[PDB]
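Engineer: So I've got this file, upload-v2.tsv, and it contains TSV, C-alpha atoms and all ligand atoms:
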chain	number	residue	atom	x	y	z
B	21	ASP	CA	2.92	23.95	4.49
B	22	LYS	CA	0.85	26.87	3.25
B	23	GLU	CA	-1.08	24.28	1.23
B	24	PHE	CA	-1.75	22.06	4.26
B	25	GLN	CA	-2.73	25.14	6.26
B	26	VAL	CA	-5.44	26.25	3.81
B	27	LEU	CA	-6.80	22.71	3.49
B	28	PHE	CA	-6.96	22.42	7.25
B	29	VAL	CA	-9.03	25.59	7.56
B	30	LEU	CA	-11.34	24.70	4.67
B	31	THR	CA	-11.95	21.25	6.19
B	32	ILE	CA	-12.64	22.78	9.60
B	33	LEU	CA	-15.23	25.18	8.22
B	34	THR	CA	-16.90	22.32	6.33
B	35	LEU	CA	-17.15	20.23	9.52
B	36	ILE	CA	-18.44	23.23	11.47
B	37	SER	CA	-21.24	23.70	8.93
B	38	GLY	CA	-22.21	20.04	9.21
B	39	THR	CA	-22.05	20.19	13.00
B	40	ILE	CA	-24.37	23.16	13.00
B	41	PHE	CA	-26.74	21.73	10.42
B	42	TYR	CA	-27.22	18.25	11.88
B	43	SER	CA	-27.47	19.38	15.51
B	44	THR	CA	-30.24	21.84	14.49
B	45	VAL	CA	-32.28	20.12	11.79
B	46	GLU	CA	-31.69	16.49	12.79
B	47	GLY	CA	-31.54	17.21	16.52
B	48	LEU	CA	-28.17	15.56	17.13
B	49	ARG	CA	-25.91	16.46	20.04
B	50	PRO	CA	-23.09	18.64	18.70
B	51	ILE	CA	-20.44	15.93	19.25
B	52	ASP	CA	-22.65	13.40	17.43
B	53	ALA	CA	-23.22	15.96	14.66
B	54	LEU	CA	-19.45	16.43	14.20
B	55	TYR	CA	-18.81	12.71	14.31
B	56	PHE	CA	-21.58	12.11	11.75
B	57	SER	CA	-20.21	14.83	9.45
B	58	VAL	CA	-16.78	13.17	9.52
B	59	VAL	CA	-18.14	9.63	9.04
B	60	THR	CA	-20.14	11.00	6.10
B	61	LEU	CA	-17.50	13.00	4.26
B	62	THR	CA	-14.82	10.28	4.59
B	63	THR	CA	-17.45	7.88	3.15
B	64	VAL	CA	-17.15	5.50	6.13
B	65	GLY	CA	-20.91	5.89	6.66
B	66	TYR	CA	-21.72	3.50	9.56
B	67	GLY	CA	-25.36	4.54	9.58
B	68	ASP	CA	-25.58	4.81	13.37
B	69	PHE	CA	-26.73	8.29	12.55
B	70	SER	CA	-28.38	9.15	9.25
B	71	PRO	CA	-30.79	11.96	8.34
B	72	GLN	CA	-34.48	11.27	9.07
B	73	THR	CA	-35.90	14.50	7.57
B	74	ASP	CA	-36.18	15.43	3.88
B	75	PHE	CA	-34.31	18.66	4.65
B	76	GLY	CA	-31.56	16.50	6.16
B	77	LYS	CA	-31.48	14.18	3.17
B	78	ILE	CA	-31.24	17.01	0.65
B	79	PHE	CA	-28.50	18.81	2.61
B	80	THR	CA	-26.63	15.50	2.90
B	81	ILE	CA	-26.66	15.02	-0.88
B	82	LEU	CA	-25.17	18.47	-1.41
B	83	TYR	CA	-22.84	18.21	1.60
B	84	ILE	CA	-21.33	14.98	0.22
B	85	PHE	CA	-20.74	16.37	-3.28
B	86	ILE	CA	-19.11	19.57	-2.02
B	87	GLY	CA	-17.24	18.14	0.95
B	88	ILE	CA	-15.75	14.80	-0.18
B	89	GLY	CA	-13.31	16.47	-2.58
B	90	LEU	CA	-12.05	18.87	0.09
B	91	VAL	CA	-11.78	16.28	2.86
B	92	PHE	CA	-9.82	13.82	0.73
B	93	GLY	CA	-7.54	16.58	-0.51
B	94	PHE	CA	-6.74	17.32	3.13
B	95	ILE	CA	-6.29	13.65	3.95
B	96	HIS	CA	-4.02	13.44	0.92
B	97	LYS	CA	-1.79	16.45	1.64
B	98	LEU	CA	-1.72	15.53	5.32
B	99	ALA	CA	-0.33	12.12	4.37
B	100	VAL	CA	1.97	13.53	1.69
B	101	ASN	CA	3.19	16.84	3.13
B	102	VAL	CA	3.19	15.91	6.84
B	103	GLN	CA	3.06	12.14	7.31
B	104	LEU	CA	5.45	11.10	4.53
B	105	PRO	CA	8.44	13.21	5.58
B	106	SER	CA	8.00	12.41	9.28
B	107	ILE	CA	8.16	8.66	8.66
B	108	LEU	CA	11.33	9.08	6.56
B	109	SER	CA	12.84	11.14	9.39
B	110	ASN	CA	12.42	8.11	11.66
B	111	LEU	CA	14.23	6.02	9.03
B	112	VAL	CA	17.49	7.67	7.89
B	113	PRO	CA	20.48	6.18	9.81
J	21	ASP	CA	10.03	-3.81	-1.81
J	22	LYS	CA	11.51	-1.60	0.89
J	23	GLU	CA	8.55	0.70	0.24
J	24	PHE	CA	5.98	-2.09	0.65
J	25	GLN	CA	7.80	-3.26	3.78
J	26	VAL	CA	7.57	0.11	5.56
J	27	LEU	CA	3.92	0.53	4.58
J	28	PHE	CA	3.15	-2.93	5.90
J	29	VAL	CA	4.67	-2.12	9.30
J	30	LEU	CA	3.02	1.30	9.54
J	31	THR	CA	-0.37	-0.25	8.70
J	32	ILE	CA	0.14	-2.99	11.28
J	33	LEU	CA	0.93	-0.52	14.04
J	34	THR	CA	-2.13	1.54	13.10
J	35	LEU	CA	-4.39	-1.54	13.32
J	36	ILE	CA	-2.79	-2.56	16.61
J	37	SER	CA	-3.60	0.86	18.08
J	38	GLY	CA	-7.21	0.58	16.97
J	39	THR	CA	-7.44	-2.98	18.29
J	40	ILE	CA	-6.19	-1.82	21.66
J	41	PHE	CA	-8.35	1.28	21.77
J	42	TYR	CA	-11.70	-0.26	20.79
J	43	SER	CA	-11.31	-3.41	22.90
J	44	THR	CA	-10.61	-1.20	25.96
J	45	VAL	CA	-12.83	1.86	25.62
J	46	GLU	CA	-15.66	0.34	23.59
J	47	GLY	CA	-15.41	-3.09	25.20
J	48	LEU	CA	-15.07	-5.06	21.97
J	49	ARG	CA	-13.44	-8.47	21.78
J	50	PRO	CA	-9.95	-8.03	20.31
J	51	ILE	CA	-10.87	-9.79	17.03
J	52	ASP	CA	-13.96	-7.57	16.71
J	53	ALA	CA	-11.80	-4.53	17.51
J	54	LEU	CA	-9.34	-5.43	14.72
J	55	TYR	CA	-12.12	-6.15	12.28
J	56	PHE	CA	-13.81	-2.84	13.15
J	57	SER	CA	-10.54	-0.93	12.73
J	58	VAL	CA	-10.10	-2.41	9.25
J	59	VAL	CA	-13.73	-1.85	8.22
J	60	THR	CA	-13.32	1.74	9.41
J	61	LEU	CA	-10.02	2.69	7.81
J	62	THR	CA	-10.90	1.13	4.43
J	63	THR	CA	-14.15	3.18	4.63
J	64	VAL	CA	-16.33	0.06	4.19
J	65	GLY	CA	-18.08	0.97	7.46
J	66	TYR	CA	-20.84	-1.66	7.84
J	67	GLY	CA	-21.92	-0.24	11.19
J	68	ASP	CA	-22.25	-3.64	12.87
J	69	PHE	CA	-19.86	-2.11	15.32
J	70	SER	CA	-19.64	1.64	15.85
J	71	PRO	CA	-18.47	3.66	18.86
J	72	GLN	CA	-21.09	4.25	21.57
J	73	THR	CA	-18.98	6.49	23.85
J	74	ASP	CA	-17.92	10.10	23.22
J	75	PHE	CA	-14.30	9.05	23.81
J	76	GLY	CA	-14.82	6.43	21.10
J	77	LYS	CA	-16.38	8.92	18.71
J	78	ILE	CA	-13.59	11.46	19.14
J	79	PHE	CA	-10.84	8.84	18.72
J	80	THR	CA	-12.64	7.54	15.62
J	81	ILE	CA	-12.63	11.01	14.02
J	82	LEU	CA	-8.88	11.31	14.55
J	83	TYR	CA	-8.21	7.65	13.72
J	84	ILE	CA	-9.94	8.04	10.33
J	85	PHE	CA	-8.06	11.20	9.36
J	86	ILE	CA	-4.65	9.79	10.30
J	87	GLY	CA	-5.20	6.20	9.17
J	88	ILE	CA	-7.06	6.36	5.84
J	89	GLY	CA	-4.08	7.86	4.01
J	90	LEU	CA	-1.71	5.19	5.30
J	91	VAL	CA	-4.06	2.25	4.71
J	92	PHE	CA	-4.83	3.25	1.12
J	93	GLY	CA	-1.15	3.86	0.41
J	94	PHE	CA	-0.53	0.28	1.51
J	95	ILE	CA	-3.45	-1.03	-0.50
J	96	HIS	CA	-2.06	0.93	-3.44
J	97	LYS	CA	1.57	-0.24	-3.27
J	98	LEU	CA	0.41	-3.77	-2.49
J	99	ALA	CA	-1.60	-3.76	-5.72
J	100	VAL	CA	1.12	-1.97	-7.68
J	101	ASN	CA	4.38	-3.39	-6.32
J	102	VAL	CA	3.17	-6.92	-5.47
J	103	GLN	CA	-0.11	-7.71	-7.23
J	104	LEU	CA	0.62	-6.11	-10.62
J	105	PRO	CA	3.86	-7.95	-11.39
J	106	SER	CA	2.53	-11.30	-10.14
J	107	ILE	CA	-0.45	-11.18	-12.51
J	108	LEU	CA	1.83	-10.34	-15.45
J	109	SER	CA	4.04	-13.30	-14.48
J	110	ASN	CA	1.01	-15.56	-14.97
J	111	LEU	CA	0.53	-14.01	-18.42
J	112	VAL	CA	3.79	-13.97	-20.43
J	113	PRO	CA	3.91	-16.99	-22.81
S	21	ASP	CA	-8.69	-3.48	-24.40
S	22	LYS	CA	-6.36	-6.29	-23.37
S	23	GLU	CA	-5.94	-4.36	-20.11
S	24	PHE	CA	-9.69	-4.10	-19.50
S	25	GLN	CA	-10.06	-7.78	-20.39
S	26	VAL	CA	-7.57	-8.99	-17.77
S	27	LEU	CA	-9.06	-6.70	-15.10
S	28	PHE	CA	-12.51	-8.01	-15.90
S	29	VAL	CA	-11.42	-11.62	-15.39
S	30	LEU	CA	-9.47	-10.89	-12.21
S	31	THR	CA	-12.47	-9.04	-10.76
S	32	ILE	CA	-14.79	-11.90	-11.69
S	33	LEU	CA	-12.62	-14.49	-9.97
S	34	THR	CA	-12.43	-12.28	-6.87
S	35	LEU	CA	-16.23	-11.99	-6.72
S	36	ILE	CA	-16.62	-15.72	-7.30
S	37	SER	CA	-14.36	-16.43	-4.32
S	38	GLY	CA	-16.40	-14.11	-2.12
S	39	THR	CA	-19.65	-15.63	-3.37
S	40	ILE	CA	-18.40	-19.07	-2.49
S	41	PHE	CA	-16.98	-18.06	0.86
S	42	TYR	CA	-19.94	-16.10	2.24
S	43	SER	CA	-22.61	-18.53	1.01
S	44	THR	CA	-20.74	-21.39	2.77
S	45	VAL	CA	-19.32	-19.94	5.98
S	46	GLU	CA	-21.88	-17.18	6.59
S	47	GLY	CA	-24.80	-19.13	5.14
S	48	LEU	CA	-25.89	-16.47	2.66
S	49	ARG	CA	-27.86	-17.24	-0.48
S	50	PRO	CA	-25.45	-17.11	-3.44
S	51	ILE	CA	-27.04	-13.93	-4.86
S	52	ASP	CA	-26.79	-12.27	-1.43
S	53	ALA	CA	-23.19	-13.47	-1.16
S	54	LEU	CA	-22.31	-11.89	-4.52
S	55	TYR	CA	-24.11	-8.69	-3.67
S	56	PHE	CA	-22.34	-8.53	-0.29
S	57	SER	CA	-18.94	-9.14	-1.91
S	58	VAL	CA	-19.55	-6.23	-4.30
S	59	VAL	CA	-20.90	-3.89	-1.60
S	60	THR	CA	-17.81	-4.77	0.44
S	61	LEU	CA	-15.06	-4.39	-2.15
S	62	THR	CA	-16.46	-1.10	-3.53
S	63	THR	CA	-16.50	0.11	0.12
S	64	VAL	CA	-20.22	0.98	-0.05
S	65	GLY	CA	-20.77	-1.32	2.96
S	66	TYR	CA	-24.50	-0.93	3.79
S	67	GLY	CA	-24.27	-3.49	6.58
S	68	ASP	CA	-27.49	-5.28	5.61
S	69	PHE	CA	-25.21	-8.26	5.49
S	70	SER	CA	-22.01	-8.43	7.53
S	71	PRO	CA	-20.05	-11.44	8.81
S	72	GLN	CA	-21.27	-12.93	12.11
S	73	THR	CA	-18.52	-15.57	12.52
S	74	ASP	CA	-14.86	-15.00	13.43
S	75	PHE	CA	-13.88	-16.97	10.31
S	76	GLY	CA	-16.04	-14.55	8.32
S	77	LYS	CA	-14.50	-11.51	9.98
S	78	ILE	CA	-10.94	-12.66	9.37
S	79	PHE	CA	-11.62	-13.54	5.72
S	80	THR	CA	-13.31	-10.16	5.28
S	81	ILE	CA	-10.22	-8.32	6.55
S	82	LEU	CA	-8.02	-10.14	4.05
S	83	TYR	CA	-10.63	-10.00	1.27
S	84	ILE	CA	-10.84	-6.19	1.58
S	85	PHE	CA	-7.07	-5.65	1.49
S	86	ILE	CA	-6.54	-7.90	-1.54
S	87	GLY	CA	-9.71	-7.04	-3.45
S	88	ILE	CA	-10.19	-3.26	-3.14
S	89	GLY	CA	-7.13	-2.49	-5.27
S	90	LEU	CA	-8.25	-4.83	-8.05
S	91	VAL	CA	-11.89	-3.74	-8.05
S	92	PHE	CA	-11.05	-0.03	-8.22
S	93	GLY	CA	-8.50	-0.65	-10.95
S	94	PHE	CA	-11.29	-2.28	-12.95
S	95	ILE	CA	-13.71	0.51	-12.15
S	96	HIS	CA	-10.99	2.93	-13.22
S	97	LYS	CA	-10.05	1.33	-16.56
S	98	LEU	CA	-13.71	0.66	-17.28
S	99	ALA	CA	-14.40	4.39	-16.91
S	100	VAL	CA	-11.22	5.40	-18.74
S	101	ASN	CA	-10.83	2.80	-21.49
S	102	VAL	CA	-14.53	2.09	-22.16
S	103	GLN	CA	-16.74	4.82	-20.71
S	104	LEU	CA	-14.63	7.86	-21.63
S	105	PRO	CA	-14.35	7.20	-25.37
S	106	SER	CA	-18.00	6.19	-25.71
S	107	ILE	CA	-19.22	9.47	-24.22
S	108	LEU	CA	-16.96	11.45	-26.58
S	109	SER	CA	-18.37	9.44	-29.49
S	110	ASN	CA	-21.82	10.76	-28.58
S	111	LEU	CA	-20.38	14.28	-28.62
S	112	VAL	CA	-18.38	14.96	-31.81
S	113	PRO	CA	-20.57	16.81	-34.39
X	21	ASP	CA	-15.80	24.28	-18.10
X	22	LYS	CA	-17.03	22.19	-21.01
X	23	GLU	CA	-15.57	19.22	-19.11
X	24	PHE	CA	-17.42	20.05	-15.90
X	25	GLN	CA	-20.60	20.62	-17.91
X	26	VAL	CA	-20.58	17.16	-19.51
X	27	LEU	CA	-19.77	15.48	-16.19
X	28	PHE	CA	-22.62	17.33	-14.54
X	29	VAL	CA	-25.12	16.09	-17.13
X	30	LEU	CA	-23.83	12.52	-17.08
X	31	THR	CA	-24.06	12.46	-13.27
X	32	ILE	CA	-27.58	13.87	-13.37
X	33	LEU	CA	-28.79	11.21	-15.79
X	34	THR	CA	-27.20	8.51	-13.64
X	35	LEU	CA	-29.00	9.78	-10.52
X	36	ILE	CA	-32.27	10.06	-12.44
X	37	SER	CA	-32.00	6.41	-13.47
X	38	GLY	CA	-31.40	5.36	-9.88
X	39	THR	CA	-34.26	7.55	-8.67
X	40	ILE	CA	-36.58	5.91	-11.14
X	41	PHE	CA	-35.36	2.40	-10.48
X	42	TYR	CA	-35.46	2.41	-6.67
X	43	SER	CA	-38.78	4.26	-6.38
X	44	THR	CA	-40.37	1.66	-8.70
X	45	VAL	CA	-38.78	-1.68	-7.85
X	46	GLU	CA	-37.90	-1.03	-4.20
X	47	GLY	CA	-40.92	1.18	-3.54
X	48	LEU	CA	-38.99	4.15	-2.17
X	49	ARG	CA	-40.33	7.69	-2.22
X	50	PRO	CA	-38.59	9.57	-5.06
X	51	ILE	CA	-36.61	11.80	-2.65
X	52	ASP	CA	-35.49	8.71	-0.71
X	53	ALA	CA	-34.60	7.01	-4.01
X	54	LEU	CA	-32.41	9.97	-5.05
X	55	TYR	CA	-30.80	10.18	-1.64
X	56	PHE	CA	-30.11	6.42	-1.70
X	57	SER	CA	-28.62	6.62	-5.20
X	58	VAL	CA	-26.23	9.36	-4.03
X	59	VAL	CA	-25.30	7.59	-0.77
X	60	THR	CA	-24.62	4.48	-2.87
X	61	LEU	CA	-22.54	5.92	-5.69
X	62	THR	CA	-20.37	8.05	-3.37
X	63	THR	CA	-19.80	4.82	-1.36
X	64	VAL	CA	-21.04	6.42	1.88
X	65	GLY	CA	-23.61	3.60	2.16
X	66	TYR	CA	-25.37	4.22	5.50
X	67	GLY	CA	-27.72	1.29	4.97
X	68	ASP	CA	-30.82	3.17	6.12
X	69	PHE	CA	-32.08	2.14	2.73
X	70	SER	CA	-30.76	-0.93	0.93
X	71	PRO	CA	-32.37	-3.14	-1.72
X	72	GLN	CA	-34.65	-5.90	-0.39
X	73	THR	CA	-35.44	-7.56	-3.76
X	74	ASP	CA	-33.12	-9.68	-5.91
X	75	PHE	CA	-33.88	-7.36	-8.85
X	76	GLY	CA	-32.78	-4.48	-6.62
X	77	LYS	CA	-29.60	-6.26	-5.56
X	78	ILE	CA	-28.59	-7.11	-9.12
X	79	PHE	CA	-29.27	-3.58	-10.39
X	80	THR	CA	-27.29	-2.20	-7.44
X	81	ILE	CA	-24.25	-4.31	-8.35
X	82	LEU	CA	-24.31	-2.98	-11.92
X	83	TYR	CA	-25.26	0.56	-10.85
X	84	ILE	CA	-22.23	0.75	-8.53
X	85	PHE	CA	-19.75	-0.49	-11.15
X	86	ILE	CA	-21.00	1.88	-13.86
X	87	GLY	CA	-21.75	4.89	-11.67
X	88	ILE	CA	-18.87	5.18	-9.17
X	89	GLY	CA	-16.35	6.12	-11.86
X	90	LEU	CA	-18.59	8.85	-13.25
X	91	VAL	CA	-19.62	10.29	-9.89
X	92	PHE	CA	-16.05	10.53	-8.61
X	93	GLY	CA	-14.89	12.07	-11.87
X	94	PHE	CA	-17.50	14.76	-11.34
X	95	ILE	CA	-16.56	15.20	-7.70
X	96	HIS	CA	-12.95	15.45	-8.87
X	97	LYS	CA	-13.41	18.03	-11.65
X	98	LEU	CA	-15.84	19.96	-9.47
X	99	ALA	CA	-13.13	20.26	-6.82
X	100	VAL	CA	-10.38	20.90	-9.36
X	101	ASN	CA	-12.02	23.03	-12.04
X	102	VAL	CA	-14.52	24.92	-9.85
X	103	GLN	CA	-13.58	24.67	-6.17
X	104	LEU	CA	-9.79	25.07	-6.48
X	105	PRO	CA	-9.77	28.36	-8.41
X	106	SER	CA	-12.53	29.90	-6.28
X	107	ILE	CA	-10.61	29.31	-3.05
X	108	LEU	CA	-7.47	30.88	-4.57
X	109	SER	CA	-9.57	33.87	-5.62
X	110	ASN	CA	-10.41	34.42	-1.95
X	111	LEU	CA	-6.69	34.31	-1.17
X	112	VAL	CA	-4.68	36.60	-3.49
X	113	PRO	CA	-4.00	39.98	-1.76
P	1	BA	BA	-19.09	3.06	3.37
P	2	BA	BA	-23.22	1.23	6.77
P	3	BA	BA	-25.28	0.32	8.46
P	4	NA	NA	-15.42	4.68	0.35
Once more with this new file: its structure as structure tokens, please.
Structural biologist:
Amino acid sequence: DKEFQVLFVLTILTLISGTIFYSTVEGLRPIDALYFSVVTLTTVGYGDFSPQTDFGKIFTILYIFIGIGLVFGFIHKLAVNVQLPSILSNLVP
Amino acid sequence: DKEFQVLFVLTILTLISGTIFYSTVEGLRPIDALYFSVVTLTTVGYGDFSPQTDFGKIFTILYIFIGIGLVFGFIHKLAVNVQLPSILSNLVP
Amino acid sequence: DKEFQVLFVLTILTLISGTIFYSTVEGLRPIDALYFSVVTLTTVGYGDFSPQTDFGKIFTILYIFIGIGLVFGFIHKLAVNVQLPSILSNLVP
Amino acid sequence: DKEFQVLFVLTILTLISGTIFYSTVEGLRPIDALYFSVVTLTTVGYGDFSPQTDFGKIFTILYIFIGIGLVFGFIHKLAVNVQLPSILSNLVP
């Protein structure tokens, strides 16, 4: 609850930083910058967007190392502390 | 057993929702929509398909956050509660 | 030791099946088929190769669900039961 | 602390080896080689770079199996032993 709340905020700030960085340095539209940040940090990585500048490539290296751990923590506690009880609620006779 | 069964169903419904969404909004053939949903939620992400619309990009962001946890849970219990015993069965003299 | 050995074999057989499938149905060279199988099951997924046939797409869906759990188990026990001691060996004065 | 330090070094050496390999055999610029090594071992895998030679494909197979476990260990202890306390520090009244 309080755990999920902090992880939510931390993940939001991370995605805001990526949105700002890639829309400025890589010239993406803000929605595309957000989408790319998510596709990156979840490791999906389609490659429909990818950094073309060296600044973008260096940021991306650092962004991945700092952000993957946080994003997957959130995905994990979301599944565990929000998704897991709710599915059991739908179960019990 | 009962665990694996619930995870199977939950994963199926998730993949059905993606199949329906991407065949409608992104105009994919249903098989391609299913395939893309799987390639997305397992994080493989080839990028042979990727959303071209903003609606598609926003759904994909949400779809990834909600679905990755469920899919990998299923992959995990499938390996643990179905794959792991079966391989030991083939072992014991 | 015996754990790592079984996981090695199981991973090899999985990669052999992918090598055979993608070289036949998708017409890849055997080395490219192996490479693609690995890039797929580790979720790296560059997309330099991806299935173009519906048979290939359906197999890939199943191949991912069955194979990811096994591959990452191997990667895990390789790191834990082979990589982790060896690095400590290089450490102790 | 001492754990994080060893994982840092091990990850650095891994990324140096990839930087050297892909700039030589695949002809990438060193920054692109580093970037590609990171995008590979974190499994993001955009595919903006991917190996074109058989030597490159075989190395990549081995590089992924050896390196993913190490990289994610580092990402994990970085989040746990460096990121997790620091965020709590910002919390306590
Ligand atoms: Ba990927
Ligand atoms: Ba890709
Ligand atoms: Ba791609
Ligand atoms: Na991944």
Engineer: Would you mind reading off the distance between atom CA of residue B:38 and atom CA of residue B:61, one decimal, in Å?
Structural biologist: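 That distance, rounded to one decimal, is 9.8 Å.
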Engineer: Can you check which residues of chain J have any atom within 10 Å of chain B? Use only C-alpha atoms and format it as a ChimeraX atom specification.
Structural biologist: /J:26,30,59-72,74,77-82,84-90,93
Engineer: One number please: atom CA of residue S:50 to atom CA of residue X:48, in Å, one decimal.
Structural biologist: 25.2 Å
Engineer: What separation in Å, quoted to one decimal, exists between atom CA of residue X:32 and atom BA of ligand BA 2 (chain P)?
Structural biologist: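 Spanning atom CA of residue X:32 to atom BA of ligand BA 2 (chain P) is a straight-line distance of 24.2 Å.
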